[PDB]
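Given next are the chains, with one letter for each unit.
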Amino acid sequence: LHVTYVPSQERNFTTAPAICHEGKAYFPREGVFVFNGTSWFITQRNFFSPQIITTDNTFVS
Amino acid sequence: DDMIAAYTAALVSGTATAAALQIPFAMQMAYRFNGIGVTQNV
């Protein structure tokens, strides 16, 4: 008897690969940038959960 | 033989466009690099 996790209720968002925040380049650092409509957010690939972008959430290059 | 070719055509199409959860082929390859151990910016 196998117990498994099944995602559901997909919703579409606008996404970008990188962000600047000040004339720079920042990458999600194991995440993805999503545009909700009010501002950009960082979230997991499963179970959408808005988080405000921050230096820790990203690595600069 | 045609039916088998239909199955393989759909498998490649699903790989190249993705429950579906569609995602661009670029952000997907960046995700793969994470599993390898390399950084996405590379």
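Each remark here, short or long, concerns the structure printed above.
The notes below deal with the structure included here.

So, how was this worked out
Residues numbered from 1 in each chain as written, not as in the entry; some residues may be left out. Chains lettered and ligands numbered in written order. Part of a larger assembly, values for the part shown. Heavy atoms only, no water. Residues with missing side-chain atoms left out of burial classes, pairs and counts. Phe/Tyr/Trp six-rings, centres within 6.5 Å; stacked < 30°, edge-to-face > 60°. Buried < 20%, exposed > 50% of the residue type's maximum accessible area, 1.4 Å probe, protein only. Patch = residues over 30% accessible without salt bridge, like charges linked within 9 Å, V, L, I, M, F, W, Y side chains within 5 Å. Areas by Shrake-Rupley, 256 points an atom, 1.4 Å probe, with all protein chains shown as cover. Salt bridge = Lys/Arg side-chain N within 4 Å of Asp/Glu carboxyl O. Helix = DSSP H or I, 4+ residues; strand = E, 2+ residues; numbered from the N terminus. Contact = heavy atoms within 4.5 Å. Buried area = accessible area lost by both parts, 1.4 Å probe. Polar contact = N/O pair within 3.5 Å; in protein donor to acceptor, adjacent residues only side chain to side chain. Nonpolar A, V, L, I, M, F, W, Y, C, P; charged D, E, K, R; others polar. Pairing = 2+ DSSP bridges. Arc of directions from axis to C-beta.

## Examining the packing of aromatic side chains
Residue and element names in this part refer to chain A.
Then comes step 1: Taken as a whole, this structure holds three aromatic pairs over all chains when the rule is applied.
Then comes step 2: Note on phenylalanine 35 and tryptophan 40: the rings are 5.5 Å apart at their centroids and 40° apart in plane angle, and the pair reads as tilted.
Then comes step 3: Look at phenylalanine 35 and you get partly exposed, because its relative accessible area is 34%.

## Here's the deal with a nonpolar patch on the surface
Then comes step 1: Taken together, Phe25, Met29, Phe33, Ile36, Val38 and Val42 of chain B make up a surface patch of nonpolar side chains, about 600 Å² in accessible area.
Then comes step 2: Within the element layout of this structure, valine 38 of chain B appears in the segment after helix 2 (27-36).

## Describing the interface of chain A and chain B
Then comes step 1: The interface is formed by 11 residues belonging to chain A together with eight residues belonging to chain B.
Then comes step 2: Note on chain A versus chain B: buried area summed over both sides is about 730 Å², and carbon and sulfur give 64% of it.
Then comes step 3: It is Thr15, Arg45 and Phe59 of chain A that lose the most area in chain A upon contact with chain B, and together they represent 47% of the buried surface on that side.
Then comes step 4: Across the contact surface, chain A and chain B share zero salt bridges.
Then comes step 5: Run the count over chain A and chain B and you get one residue pair in polar contact.
Then comes step 6: When its residues are assigned to classes, the side of chain A that touches chain B shows four nonpolar, three polar and four charged.

## Topic: the pairing of strand 4 (residues 40-43) of chain A
Remark: a regular strand shows side chains that alternate across the two faces of the sheet.
Residues and elements named next belong to chain A.
Then comes step 1: Bridge count between strand 3 (residues 32-35) and strand 4: four bridges; the pairing is antiparallel. Bridged to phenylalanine 33 within strand 4 is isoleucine 42.
Then comes step 2: Hairpin connection, strand 3 to strand 4: the antiparallel pair is bridged by four residues, and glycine 37 has positive phi, about 135°.

## Here's the deal with helix 2 of chain B
For an α-helix the count is 3.6 residues per turn, leaving residues at separations of three or four pointing the same way.
Then comes step 1: Turning to helix 2 of chain B, its buried residues number three or more, namely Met27, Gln28 and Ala30 of chain B. The buried residues of helix 2 of chain B occupy an angular sector of 160° when the element is viewed end-on, so they sit on one face. Set apart from the buried face of helix 2 of chain B by more than 90 degrees, the exposed residues are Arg32, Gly35 and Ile36 of chain B.
Then comes step 2: Turning to helix 2 of chain B, the residues buried within the fold contact strand 1 (14-16) and strand 3 of chain A together with helix 1 (2-15) of chain B.
Then comes step 3: Taken from the residues just after helix 2 of chain B, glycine 37 of chain B is the one with a positive phi, measuring 130°.

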